[PDB]
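Everything on this sheet refers to the single structure shown next.
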Amino acid sequence: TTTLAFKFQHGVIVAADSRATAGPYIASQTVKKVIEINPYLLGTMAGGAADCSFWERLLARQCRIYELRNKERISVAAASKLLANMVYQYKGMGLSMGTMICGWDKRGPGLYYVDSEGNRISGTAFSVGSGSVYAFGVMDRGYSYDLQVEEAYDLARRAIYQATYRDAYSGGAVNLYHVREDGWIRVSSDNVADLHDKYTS
Amino acid sequence: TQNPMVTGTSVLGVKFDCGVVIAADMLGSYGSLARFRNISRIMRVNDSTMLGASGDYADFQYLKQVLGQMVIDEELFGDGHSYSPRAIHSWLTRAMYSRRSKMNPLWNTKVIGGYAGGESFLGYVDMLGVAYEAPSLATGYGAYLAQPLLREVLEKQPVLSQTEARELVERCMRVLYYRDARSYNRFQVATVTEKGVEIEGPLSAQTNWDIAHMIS
Amino acid sequence: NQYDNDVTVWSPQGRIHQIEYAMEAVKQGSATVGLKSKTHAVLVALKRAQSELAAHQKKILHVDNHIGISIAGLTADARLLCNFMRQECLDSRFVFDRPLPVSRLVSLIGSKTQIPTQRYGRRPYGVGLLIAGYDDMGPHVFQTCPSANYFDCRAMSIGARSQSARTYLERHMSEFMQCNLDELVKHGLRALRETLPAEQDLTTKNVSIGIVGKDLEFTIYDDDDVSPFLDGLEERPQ
Amino acid sequence: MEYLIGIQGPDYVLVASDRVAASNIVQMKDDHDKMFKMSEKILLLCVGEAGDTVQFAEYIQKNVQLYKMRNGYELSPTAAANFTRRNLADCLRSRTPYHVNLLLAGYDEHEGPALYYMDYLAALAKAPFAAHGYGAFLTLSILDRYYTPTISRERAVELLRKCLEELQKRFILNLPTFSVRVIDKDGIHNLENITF
Amino acid sequence: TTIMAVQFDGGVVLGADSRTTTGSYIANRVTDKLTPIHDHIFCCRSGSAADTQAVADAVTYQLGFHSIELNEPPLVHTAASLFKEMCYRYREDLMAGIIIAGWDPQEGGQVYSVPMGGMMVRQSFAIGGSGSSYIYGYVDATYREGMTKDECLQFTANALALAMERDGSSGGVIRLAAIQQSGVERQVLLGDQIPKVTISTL
Amino acid sequence: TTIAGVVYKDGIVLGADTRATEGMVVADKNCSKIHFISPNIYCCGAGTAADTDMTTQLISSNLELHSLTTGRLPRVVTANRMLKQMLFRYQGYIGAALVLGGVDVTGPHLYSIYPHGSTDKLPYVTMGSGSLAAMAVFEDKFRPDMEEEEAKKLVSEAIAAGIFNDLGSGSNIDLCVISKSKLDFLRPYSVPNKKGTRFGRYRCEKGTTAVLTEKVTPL
Amino acid sequence: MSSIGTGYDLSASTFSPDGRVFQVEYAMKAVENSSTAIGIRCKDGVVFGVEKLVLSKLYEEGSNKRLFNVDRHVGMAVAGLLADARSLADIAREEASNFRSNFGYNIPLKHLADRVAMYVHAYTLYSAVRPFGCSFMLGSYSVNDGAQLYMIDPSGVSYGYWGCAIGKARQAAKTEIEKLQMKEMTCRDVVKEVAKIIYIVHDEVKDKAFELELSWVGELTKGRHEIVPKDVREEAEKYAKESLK
Amino acid sequence: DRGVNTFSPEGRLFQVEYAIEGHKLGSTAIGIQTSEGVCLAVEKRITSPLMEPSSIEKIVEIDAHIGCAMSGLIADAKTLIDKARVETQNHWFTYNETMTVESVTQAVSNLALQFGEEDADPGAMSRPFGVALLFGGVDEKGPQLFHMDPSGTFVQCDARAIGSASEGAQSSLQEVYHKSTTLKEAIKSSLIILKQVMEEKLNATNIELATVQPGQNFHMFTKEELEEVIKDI
Amino acid sequence: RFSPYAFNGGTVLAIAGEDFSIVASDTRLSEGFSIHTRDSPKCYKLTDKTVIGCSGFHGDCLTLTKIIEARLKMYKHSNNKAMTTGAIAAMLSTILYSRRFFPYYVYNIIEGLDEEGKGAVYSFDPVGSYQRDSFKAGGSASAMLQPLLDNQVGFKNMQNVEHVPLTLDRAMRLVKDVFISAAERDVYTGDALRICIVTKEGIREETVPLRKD
């Protein structure tokens, strides 16, 4: 429903799509940066906006879940990452807010996708996004998106979406960091520039 | 920048340091809004035997810092086994009290000029009422930073390490000028000198008002 | 006896044996020597370990950018006290921003150590500390007891069989004062070796040095530059 | 505050409750597959309604509380007792710094009268009743039930009441809401009912 | 409010005080006595609003009372004026209370202090205070000189208060004058049938 | 709102008050006593806002009780002043209570008026509620500033009667509370200035305008 | 009695049928063990004379010192265990520092002495902690309160003295004070006297060896507690030595 | 009676001397630092086949690339390990990278001796723990094995053994284990030494091995891997 | 950005360019608290090792509080972690301050420019709200894009070949520094006196004062 960390579900994977951006949307403070951070190999997330705030809540989420997963020898789910983030952030509220992370893992009841925002919204949908400009994007994408898309098939879907998105979008100094998450692993498909993909596609 | 509303204000205090001494003129007179409650007030404090400090801005606020500095010094001197008040110690400590209050949305405003002589170094330092420390060449305080300081800086630019005497004429000159440009001034002003003897600040001495000029 | 059931138990003489008995614990610890000149404060220490097939973990601890300590006694307790001192030294650096006085820091340890010795149903801390610190009044090397009293020495040795080492300290007492950094460390090694038997002469591996002074901040040499001080051998001077 | 859309029609053949899946932040819908009726226990429901975020928040705490009584008593907790305990818990949270008005919707099995629905206002008021609406919508639906009331109403007749509402909701209401989850509850399990 | 004043005497102090504190039209205290003690060493004359002065007045009384009995010989006045400072440092953006402290301690010898509502404490010869009791600037300056004679000081205080009550509105009714020596406070009450009336302002 | 005065006379202390206790300018109740009797020794008049005054008297009464019993001294009005000043500060200067504390010590009878300020206020003779100055102003006028007890008691009653006449808020009976330090004579009817007209004629109705379908007693 | 596991020396809440408290008494025997600290009131100041115990051969000045500055113008000489003395220095210095801050005048010795004594006395009452094993003197000059000398023991008493001794030799040392007129007498002459008393009282079994430390707080220092000059110490040392012969 | 807090004329505390003995009571654990990685081996020593051998653990993770074998009272150690888990991830929030073997070990050791039996806070120990921990992992710096004692003396090791065989095993390690012995050979050295304290022969249900090797995270050896080292001892 | 209210302003503008092992950090040589500049001398820059050089600017009250703290965090890090201060010191400090300043809005941009204790050069940029990133261009102050661009155009060489056809050397960066400072005075009117550029290497600290042109 908004950008900055966004995910949509498939059976085979989830798509992880994110921006590299510095500051507010009015200027960058750097050009080289990747804001993409790997908190656990369960999935990737990274935002922007109120910078301290996103990093703080995810770092708590990362601490709790990772200790529990690693020691217990029981894999934590989509539901668990989401519950930790939710419980923490409402408490901390009044100390700036703007967390926009997308939680993925495969569970006993099948693949589960929950969208975590800083209001305290916790949502499953066709595609969800939290941050800013993807709000427009969910409209075109839904049409070109099946319930279950293959990984390869999904990579081609991202390339077209983006290539039109750069033409519409007027935010510069970004990269589209593309990751497919095959469950409790995370691999990086490509980290292609938004300026490159308009020519290709 | 913000500053609290000031009632009793200390304003224009110059300080320029010469070898193993500093000369200062600070007003001895603190107006409270309008009425000059104390024409006899002392903005000069004794941290220890070879330190002095002189402060401007809200006079009230200056007294809060004096006590904290005072209680810390009282415990630390007298024993002098290796611990006592030292030139670096007074500057930083006083800066932190000011920082502590900077964290709150109301800060206690005084802008201070430390001249000290510690364990081996003669120091002339500037402390702010929100914090910050540095060694300084010449600094003004309160109203002196906006109004006279640049003409004082200009005299200093050929010779930055001149004598007490040359400083003494400038400072004596500066009160006739104080009256002319700013209002909440008196011409009974205090001459403070920090030396190796101690911190001396005799009573208010005066010279001409000189606002009787009209020649164009 | 029953002059040492708790650290509140007085003897008719008017002495708590547990605080005294806590000093006997310092003798179980490893030999450390503290020496000062007029520009450096030097700490010479014995490191021991259970694996000598592995590098020996330092017995010199970090307190400030010009303060280092050498412990003799209880290892956990010395580290335990160290943290109170470390917190204060680093805090002193924020607030006061002088290079903190050895005499000032040491008295604050005296207030905390007094707490359990004053308190019933507790043990004193049986660790003796030699602190090297350099402030702007020059070096000081101070000894702090298992009690709470301090000595400002020019040279001190507390630890195992420390008497043997003092015989050296008594003999070159005049010399310490004039020295530069190099000279302080060679004397402390010659002292250090004496504690131990006649036929054991130190290696660099089990020697850690914490050097403090006017020309330097805080550097710990574990074998780094230990080899030249050790050179010029002298073996157990009686 | 009331500007959701709930209706619950109590009978003792069934109790039909429906809600929209339409938790919307920004301009699009974060939930539109998540169910808006939460499972406290396998025969008990709480439906939390208010702000989008505050809804998810109310349920998780409550879920722990229902189950806990089940454990403590060693039987299913009393319906009357739970409903009152859910009212004390929503008033306690009201005191706390974040002010939370929450419309709760209690479905319980009671010793009488049969299948029962106990009704909760945004005055944080527990009330026994038959014929209820939650949300801004409560006001029209309670009134339609009032013209034609039955509290032992069969399932066919429940569909007729529903359909006169659904066409009205589509053109006269600000909730055209083609995305709805509708469920009819017998005393043993949750059955899914037709959606218009 | 009240005209309060204290002028420094021979080695001790001469006081003046009014008897009304007014909040505009409504009298906060119809009767105000600022001659009473607050220990036997120190006395103060309290000005500003009624509530701001009263709260300060009871704490300096408590601290001072404990200090003379605990020490065994009485405390000095310089302590009393610092106790008032502490309070004002908290209340320097909300309330204000302009206290002017005078008496004499035996132990270190005579003191005249002004502790302000911003918090300061400084030694003066004579200070007169209140908001509308600042209108005697000429009067205080001409009257006070360095070591003024006791007979002159007595007349000048009564005379200054009179100029106040007539000219400022806030002032009014019985002037309470107090002359203090080393261990004793002696008060005289000057009629409000007596007042010297202002001469031709029209 | 309320019209309360208490006086220092040549006898002891006479408190005068109108009955009515009002929540604002409208009567919550037209019965009871505005001037309240506490322990035997302490009487307190109440004025200004009702909500703030009744509760202040009540809370101080516990404190004063503890102090009286332990100390075994009779209550002092200066003492009473300090307790109200400290309590009201604790609350943070919320609400309006002009309070009239009056108690007899072993010396003279002593009367004080404490407004809500949290002042250390010494009167001479005072009246409270309404506007503090406005009520106080009367005392200077009718009292020559000391006259015999009986003459003074008719005088307060007469001055308080005038405030009742001028300000219709006060209504019903005027009570005089003659207070010593063990004798509390509560004279309901010192003067009745006004009273209502009889509610003799009904506005009752038979059931045919509203009816009843139940009469049962649950168990 | 002294060997026991319940009460007596474990407690101090205990009373004997005589009324005694043994623990508080054991604390008193502890102050006795080390050498004497004397402090003499003049009508113009206090002069101390302290034996400063030489416990090694690698001494520097101020090592194991017993002279503390409680306040700017208060000096404190301790006798008995130095462990307990360091904690007592922190508590006394702290009560004084806050006093100066608030009152803004020189701490009256009568007040300071009452507060430290209360603290010692709170421990003697308690069986929960032991009481300090030292006895101390506080001595001072001011013109706001005069020259004052006070003494606080392990029990928790504060009374003023005009010349006091704490430590082993105190019964002998005190006698020498009755000989001297010291109530009226310059602080310059009294330094000569404290030095000669100490040299004669010392013997090689109260403690091995000492370093003479005298201190000023009087008309000479102008109301400052400072250590005496190198000159002053040596002439007073000399007079001690000449009287010793 | 006399207290336990007291120092003895030997010059050591009573409670602490008892705690070392507590280390000696339990099962033996070997932690060997090789420069190819750090292996931790522990004996299961099961007496019943109804037990499920996976869930007998005595190797627990401080970190995701540091493993720890613990000895003496199994229960007493577990608390120290619980506090350790919170610190390692906490370290990730602040530094923004994972905790070292050295940092974690010094922080737990401060807690090890704090003991005041009477008149000490209930949020602090009345008695010390009788556990010796062996923290073995490879971290940013490289393979490190640190040893922690119940006396709160921490030291760096390359080969350390603790448990009933603690003195015997430790001597025997110094002999075979050197830094001219590879990682797989370290696993063979530990297995031989293990047998005297064990009641039976070595098996793949009677050892549990886990190795943390460079460039890899902590791996718990599977039944096949345990069995390959069993074949050649 | 924000117009000084929360904390005192003290102006100043920071430019940062990273090469490969040489990094220039420049800020103006002034201490301000008031509209006038007190003294040219400053202690905005503080070095902790030759390995790391930190610059805190703007408000002077902020500048002293955090910089000393950074010296404390360094000390702690060498002891416990056993990695000498550098990159590791830098990531840690930016989180704790940026929480501290951002509810009551941040008026200092601290920039840690160093080498890691394992090696590889990092130049780190906070907005004022916690982020750390490695950069080869950086602009920081209210004018957080005014320098950024020159480093983007000249260093990166994206649609540019006339500053270098590749990427700048050490000799080239120092030449460019003097030029950039002369330029800044023209655009930004919040400076007085002198501009100080410190060049941070793993092997040489350099300092140069340069007059305001």
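Quick check of the header: electron microscopy, 11.8 Å.
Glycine too: its Cβ is placed from the backbone N, Cα and C atoms.
Taken straight from Swiss-Prot:
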MOD_RES   G:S2  N-acetylserine
MOD_RES   G:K57  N6-acetyllysine
MOD_RES   G:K206  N6-acetyllysine
MOD_RES   G:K230  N6-acetyllysine
MOD_RES   G:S243  phosphoserine
Inset, instruction - Round to the nearest Å and give the CA-to-CA distance linking the residue listed as 'N-acetylserine' with G:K206 (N6-acetyllysine). - result: 24
Inset, instruction - Under 8 Å, Cβ to Cβ, against chain A: pull out the ones among the modified residues G:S2, G:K57, G:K206, G:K230, G:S243 that qualify, in sequence order. - result: none
Inset, instruction - By Cβ count within 10 Å, point out the most packed of the modified residues listed: G:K57, G:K206. - result: G:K206
Legend entry - Packing count at G:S243 (phosphoserine) (other Cβ atoms within 10 Å of its Cβ): 14
Legend entry - Minimum Cα separation from G:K206 (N6-acetyllysine), reported as the residue among modified residues G:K57, G:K230, G:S243 that achieves it: G:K57
Legend entry - G:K230 (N6-acetyllysine) versus G:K57 (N6-acetyllysine) - Cα distance in angstrom: 21
Inset, instruction - Within 10 Å of the Cβ of G:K230 (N6-acetyllysine), how many other Cβ atoms can you find? Include all protein chains, please. - result: 8
Inset, instruction - Mind sorting out which of the modified residues G:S2, G:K57, G:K206, G:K230, G:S243 are close to chain C, meaning Cβ under 8 Å from one of its Cβ atoms? - result: G:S2, G:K57
Legend entry - CB contacts for G:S2 (N-acetylserine) [other CB atoms within 10 A, all chains]: 15
Inset, instruction - Express the distance between the Cα positions of G:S243 (phosphoserine) and G:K230 (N6-acetyllysine) as a whole number of Å. - result: 20
